[PDB]
C-alpha cells in the first residue's frame, strides 16, 4: 500500500508548485444567473462571470480553462488575530476546453 | 420526523422538498403563466 | 441534576463523578462504549493562548527535492502551454516530464546542473514537446 | 512567597542540617571561587548552598 | 432471557472492530476525496497543529495517517451508539451541503439540524419541545463552525448536557470539546460527500447488525 | 434531591433604576448546594423578590455540581494555594480530629462537600463570589494519589508518625511499575510562603491565633 507521504509527493497539486499564474482545467458544477461556479481540483471553487462570447456554451459539466491566482482568498485585518477567509479561490476564466 | 430537532419540522420538511425539486430541474436542463388571476397564499 | 460545567473535566469524567456521588442512577447508553473504545485524547476544555516572544509553531514546510528542478523550469519556460488537469490522479504535466528526464540524466552521473538543464531540454525537443524559453 | 532564590536556605532547619563542625584549630576559611566557568560549578554551588550551614 | 439481553448488549464491546468499519475507508480513499487539504497558514488554530502534516506553500496539509486512526475510533463509536438504538443528530451550518446532510440523515434513519440553531435547544429543551423530550445521544458535527466563523453553539451546549460529539475538524477549527475529532477537509464537496457516505453506511450496518443479533438470540429461546 | 442541602452565602438588596417606579428593587442571592458526599455546586439568583432569588439560585446550582475528591473521605489530598482575582486562598491537608479551621464561608461549603478536617487562610479581598469561585476552582483541580501514581509510574507510599516506620501503600500504578527512582534533589527549589514558614522559625503568632472555638 502506498504511503500518504508518497501520495502527497506525486500528487498533481504538489506538482503544480505555486498556483499563481498557472493554467488549469475546471468543471462547472453550479450556475447562478451569469455566475459560474468552477471546480478546478482544489479545496475551494472559484466563481467567474459568463463570457459574452459563446455564453450559451457554458453549461453544467462543461470543462473550461482557467488561470489560477490564489487557491484561497484570505487576508488579516487590523485587530484580527487570525486571517479572514471568504472560502473561495481566485481564477480567471479563459474559455472552453477543446474536446478534441 | 428526521427534522424534529429543528423546531419547525413541517416548515423545513417543505423547504427540503422544494429545494430538491429545484436542483433536479437545474440539473436536467415556455411561458410560465399557466395560471392567471391567482395570488400566493398569505 | 447534572454537571453543566464544560470547562472542568470532560463529558466522561463528569458522568463518572456524578455516578460516584449518587446523583446519576442509570448509566448513559454511550458510557460503556466510551469506556471500551475511548478517544485518543481526553476531550477537556483548554483556553487557546497566543504565542509571545520567541515561541514558534512546529510545522515543516513541505519541499521535495524535485522542487529545485521545478522552480528552474517555471523561471525559464513558465508553465507548460498545456493546461494542468488536477482531476486526473495520474496526470503528467510538461514540467513533471522535464523533472523525470532530469532525474534520469542525474542517475547516469552528470554532476553539472547546467548540463542537466540543457540536455533535458534537448531530449524533450526530440520527444516533440514544445518548450518555449519565454523570458517575458 | 519568600523572596530570593531557594528560600529554604533561610530556614533554621536547613541551617541546622550542616554536619561540618570544625576542630578548635580552625580559625579562618577563605573561599576562592570563580563566577564564570565550567570546572568551578561545584565551587559556586558550595558558596550558594553550603557556606551558610558551615557558618551556622 | 436476561442472558440474551446481556448477550446482545455486552458481546459487541468485546471486539476491537465488531462492525468491521476499517474496510469502509482507506488512506488512499481519503486522499482521493481531498480530505488532506486545509486552510492557509494564517487561518490555523493552535490546537490543530498536532494533526497537520506540514505547510505546502502556504496551505496546511492534514496528516491522513492520524485521520485514519481518529476516523476509525469515531466510526466505531458511532456504530455502537447506532447499534444500541441511540439517537444521532447531524449538525452543520454550511449551506452548500445543507440538502446533502438532510438527505443523509433521512437515509440513515437519524436526524439532521442544518438550520439556524435556537438558543437553549439543548439546555432548555423541555420548554421548546415538551416535558418528556428525549435529547440526542450523539451529535455528529460535519461542520463545527457557524457562518460567522465561530464555534457552532451546539459544541459547547452538547458538552454542557454531557452528550458525546463526533466532529469533522479542519485546520481553523477548535477540537478541544469534540469528543471524537476527525481531522480532515470540510469545505470540498468530495470530502463532505465521502464523510456522509461513511457515516450512513456505518449507521446502517450497526442497525442491521442489531436486527440479526436479536433474531439469532430470540430464536434460541424457543430453540 | 432530598439528599442535598442548600446554604446561603451572600444576599444583596439593591435598588436599580427603571421607568416602572423610577427606582426598582432587586435581590441578588449567592447560594451553595451539596450532599455532604463530594458533590457540591453554587449559583447566583436574581429577582425582585427575595423568595424568587432563592428559588432561582437554588435550582441553578443543582445544574453546576462539581465533584470534589476527598482523601479518605475527610480531607483534601494535598495542600492547595491559589489566587482567584484578588482573593488568595491557602488550604492545608490535616489529620483526623483537626476540624474545620477556615473562613466561615469555607466551613459552610466544606460541610456541603463533606470535608471534615482542614485549615485554610483567606487574604486580599473577601469578596464572597471570588472566594466561592476560587474555592471550587482549587478543590476541583486537585490530584488524587492514584493520579500521581499513574502519571509517574511509581508507588505512592504514606508514612504516619503514629504508625512508626511502617510504609503504607496508598496507590499503585495501574499499568507498568517503573524502575527509575524519582530524582531527589539535595535542596528543593520550592517556593515557600513566609506565613507558613514564619511559625516554624519561632516567631510569635498573633493573640487571635489558635483560640478555643466551638466544634465545627
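Labels A, B, C, D, E and F are assigned to the chains in the order they are written; within every chain, residues are numbered from 1.
FYI, a residue touches a chain if its C-beta (ideal position, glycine included) is under 8 Å from a C-beta of that chain, and two chains touch if they have at least 3 such contacts.
A quick map from chain label to UniProt name: C = Small ribosomal subunit protein mS23; E = Small ribosomal subunit protein uS2m.
Chemist: If you tally contacting C-beta pairs for every chain pair, which pair wins?
Modeler: C-E
Chemist: Going by CA means, which chain is nearest the middle of everything shown?
Modeler: Per-chain C-alpha centroids ranked by distance to the global centroid put E first.
Chemist: Could you work out how far the Cα centre of chain B sits from that of chain F, in whole Å?
Modeler: One centre to the other, that is 59 Å.
Chemist: Just curious, how far off is chain F from chain E if you go by their C-alpha centres, in Å?
Modeler: 39
Chemist: Centre to centre, by mean C-alpha position, how many angstrom separate chain D and chain E?
Modeler: 63
Chemist: Chain C: which residues touch two or more other chains?
Modeler: 2-5, 14, 62, 89
Chemist: Taking the complex as given, what residues does chain F use to touch chain D?
Modeler: Touching chain D from chain F are residues 186-194, 197, 200-202.
Chemist: State the interface residues of chain E toward chain A in the complex, per the touch definition above.
Modeler: Contact set of chain E toward chain A: 26-28, 31, 34, 36-40, 42-45, 53, 56-57, 59, 61, 63-65, 149, 172, 185, 187-189.
Chemist: Over in the complex, which chain E residues touch chain C? Could you list them?
Modeler: My answer: residues 13, 32, 41, 44-47, 49, 52-57, 60-61, 69-70, 73, 76-77, 80-81, 84-86, 123, 137-138, 156, 159-165, 174, 176-181.
Chemist: Name, in rising order, each residue of chain A that touches chain C in their complex.
Modeler: Against chain C, the touching part of chain A is residues 8-9, 12-18, 21-25, 27, 40-42, 65, 81, 97.
Chemist: In the complex of these two chains, what residues of chain E are touching chain B?
Modeler: 89, 99, 102-103, 105-106, 109-113, 115, 118, 121, 128-129, 136
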